[PDB]
Amino acid sequence: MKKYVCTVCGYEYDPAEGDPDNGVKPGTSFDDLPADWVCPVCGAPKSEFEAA
Ligand SMILES: [Fe+3]
């Protein structure tokens, strides 16, 4: 349940919540996000998130 933060905009990916609108059910770890998933608030890539 390790949270990751977007270093572009500050959105925090929370595995307990997932990201339903992008096809990511609650409980999905950051490491298991789809290869094309991007920050839902700003569009930044996963390579620009850091552990938070
Ligand atoms: Fe972002």
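Within segment 2-52, if we keep just the residues that are among the basic types (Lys, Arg) and away from the ligand (no atom under 16 Å from the Cβ), the residue that is surrounded by the fewest Cβ atoms within 10 Å (Cβ to Cβ) turns out to be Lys25. Selection of segment 12-32 for residues being closer than 14 Å to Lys2 by Cβ, of a type outside the set (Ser, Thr, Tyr) and out of contact with any strand residue (DSSP E or B) (no Cβ under 6 Å at 6 or more places or on another chain) yields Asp14, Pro15, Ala16, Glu17, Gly27, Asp31, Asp32.
Reconstructed Cβ throughout: ideal geometry from the backbone, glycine too, with neighbour counts over all protein chains shown. Every number here is computed from the coordinates shown, using simple stated rules; none is lab data.
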